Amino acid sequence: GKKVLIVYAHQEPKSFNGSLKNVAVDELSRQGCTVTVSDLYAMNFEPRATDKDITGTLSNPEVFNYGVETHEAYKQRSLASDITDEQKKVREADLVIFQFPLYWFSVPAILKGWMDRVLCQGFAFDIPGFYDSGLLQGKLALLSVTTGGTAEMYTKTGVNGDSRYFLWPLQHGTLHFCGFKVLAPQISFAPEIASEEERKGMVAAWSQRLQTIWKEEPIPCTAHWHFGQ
């Protein structure tokens, strides 16, 4: 059996993102997988990295250093419960899918705040244990991104550059760094200008791809993959 966590960042259940999340739940549930969804906006998930993320008393209450404080908090079981709740889902998961609209070539700030606050030192990475040896190694991660821009805008010589170029900080700098093997991203280009069909083809392709997600090999998550020819 396998466990999947979907971390989902869209305000509107009727959205194209909402339908992609909902077919993932339906298809992975149909296969017998254990599925959990973190619907960040419904949870009013806190995005800011602050001293509230530590309960009881700080390791150095003269000069606040978020990284050191959350590292010590993790080790002393002193993190806020919204964070540890997410860490439990991630620890149990075999695959983590992030489902979100591209905001400013990146994730919406609420999902950025999940990455900043959930993936702390001791949990997701340490000295050592990063990139290849990151603490989440053995787990799979997958970005399912929707865009306002069309596929042609996202080419090396198009106005937006190649899609892979905006993937680097998320796939390499975040998911690889924590040890994830990164599945190929699912990019649903410009759903809002596509037809009622086309949109169906995109959703159905996603549902279709999920049918054989466990047979996939991860991308080689390298500078060459993102930037080379």
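We call the rigid core whatever largest set of C-alpha positions still superposes within 1.5 Å between the two forms. Heads up: residue numbers just count along the shown sequence, starting at 1.
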Query raised in the report: Once the rigid core is matched, which of the two stretches, 149-157 or 122-130, lies farther off on average in 9 other deposited structures of this protein by C-alpha?
Result: 122-130
Query raised in the report: Looking at C-alpha RMS in 9 other deposited structures of this protein with the core superposed, is it 63-71 or 50-58 that drifts more?
Result: 50-58
Query raised in the report: Higher mean Cα B-factor in the deposited model: 120-128 or 152-160?
Result: 152-160
Query raised in the report: Comparing 73-81 with 94-102, where is the mean C-alpha B-factor higher?
Result: 73-81
Report task. Just grab whichever of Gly32, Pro61, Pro47, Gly67 has the top CA B-factor as deposited. Result -> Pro61
Query raised in the report: Out of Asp53, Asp39, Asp26, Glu198, which residue has the highest Cα temperature factor in the PDB record?
Result: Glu198
Report summary line: Entry-reported C-alpha B-factor of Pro185 relative to its chain, by third, is middle
Report summary line: For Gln211, the third of its chain by CA B-factor is the highest
Requested in this report: Determine, from the deposited record, the chain-internal third of the Cα B-factor for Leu167: lowest, middle or highest.
Outcome: middle
Query - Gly138 by Cα B-factor - lowest, middle or highest third of the modelled chain - result: highest
Query raised in the report: How does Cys178 rank on Cα B-factor within its chain, lowest, middle or highest third?
Result: middle
